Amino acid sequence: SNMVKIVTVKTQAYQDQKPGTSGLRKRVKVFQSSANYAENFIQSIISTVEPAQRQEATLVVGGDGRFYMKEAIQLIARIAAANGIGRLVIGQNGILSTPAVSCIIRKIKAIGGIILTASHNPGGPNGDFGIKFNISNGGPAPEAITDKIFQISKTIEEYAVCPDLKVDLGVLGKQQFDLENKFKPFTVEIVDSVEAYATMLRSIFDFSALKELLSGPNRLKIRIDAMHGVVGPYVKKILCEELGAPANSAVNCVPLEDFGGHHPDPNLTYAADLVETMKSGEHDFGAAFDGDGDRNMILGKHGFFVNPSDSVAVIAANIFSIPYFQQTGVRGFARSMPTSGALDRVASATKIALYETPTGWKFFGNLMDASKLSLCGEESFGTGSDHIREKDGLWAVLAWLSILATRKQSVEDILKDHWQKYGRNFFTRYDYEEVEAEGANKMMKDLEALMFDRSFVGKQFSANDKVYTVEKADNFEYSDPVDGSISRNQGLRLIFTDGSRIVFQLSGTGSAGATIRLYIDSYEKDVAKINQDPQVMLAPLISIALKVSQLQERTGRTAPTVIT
């Protein structure tokens, strides 16, 4: 029935529904086995909306397809309706990529959106589930709002719900629900999952150029792996149906509730199938996305790996191959501090501002909203532009395809030319996982004290054959030029006179300990060095980093858990 009663349900608050910067993430079993866990959190989000503004408000709702998503969406509809939210816009089958949500919020001027995703984390009956809140600029809810949600969730005693309301998520169009003893209806609009996002890309890129690139016998041959996650139908409808790439181009492009039993996390080992396909030499270009579509990995012929720090620098260096930037101009470049300095070389040469921010969306969003930021990158497979207010993996792929079309060179030849022009920033990230937090903190504090001494700047480190000289050493701090906030203790930086850096970060302590992240950025300009093996060229600075930090002595680790 489309005539439904509003009911108040007494509930018991939980104490741990703290939404963080990427949403509340708990095991699926937690959501299923804890009474009113989901309901409490959804009500807490909706209670941040002024009652007077609810009727004219729209919330965009969708997710990455993982197990439990549709049940969660039904809960959101039932609770939003009962709370006087006038309208929901929901992707068909509940499916919306995180970039598509950002796109739709900004296009229709919604007050925000609720995204059902835990991004790269596994899904399924034994997997993870996540609930993310975005606000009216299409971006993540900032700390002041997530703080309020948390506060509400810890003392909630009741929520409002229409228990009999049920949305058909499979059929396009407007469904209206008349609420008992409420004058105005509740409206749900089911939209095609891809349409608005594709229409946005169709304006950003030259689809005629891309169709020519991707179709015919002389076509660029691509393999695009959605990793069984949300971007699948976007690949099929945009790259295959509209742009004419053959259907076999679309890899793992049917969304699965368990992401096929694997982590939808794009890197060389979680996307090993794509890497092996690329190794055969048949395809010119490959790419992988994470579960909600805001991260991307870029591959060339034979499985040549474009590391994400280089990827954003290449896009910057060929940015006017993309029609969007021909019209906006380039307002600025940015990277998170641990990302390699490759982008900086391009920005310096082209005389464009480079903003080096702490890790976190808010810093990019602030600069984009100031019209100071066109292109951003993170070493963790993140690339974006100010076209929306989330990173966007498929966008980054179409950027690469636009560049390939104008340059008429292989991926690898473009990188080789880039390194020859700008020098090469060899780059790796070492993750030491589940380390004992007390020894790891001791490592960091002892190293910070070493770096703070007056004599540390100017110290020399040898390989030997080569001398690295400390130019600067600190614990990174950032004063945000838009919101005035000061972010402190954002990472230990060893900055060397030759353009190289070592960066140490220590994560928060989880149930199994903390993660030490060690970033090595070694700059080389010599033609005899820029095409050598990266782990060989990085080995001297890796040795210096392990020696100065005494990491093995403090943690007992002789090797990182993961190398990227």
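One-based numbering along the sequence shown.
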| item | value |
| --- | --- |
| 320 to 328 set against 337 to 345, stretch whose average Cα temperature factor tops the other in the entry | 320 to 328 |
| Mean Cα B-factor comparison, 275 to 283 or 289 to 297, giving the higher one as deposited | 275 to 283 |
| Highest recorded Cα temperature factor - choice among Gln505, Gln535, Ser522, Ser47 | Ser47 |
| Selection from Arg517, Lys70, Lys29, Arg501 [criterion: highest C-alpha temperature factor in the record] | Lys29 |
| Relative C-alpha B-factor of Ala512, binned into the chain's lowest, middle or highest third | highest |
| CA B-factor ranking of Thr406, expressed as a third of its chain | highest |
| Assigned third (lowest, middle, highest) for the C-alpha B factor of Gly127 | highest |
| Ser119 by Cα B-factor - lowest, middle or highest third of the modelled chain | middle |
| Among modelled residues of the same chain, the CA temperature factor third for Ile152 | highest |
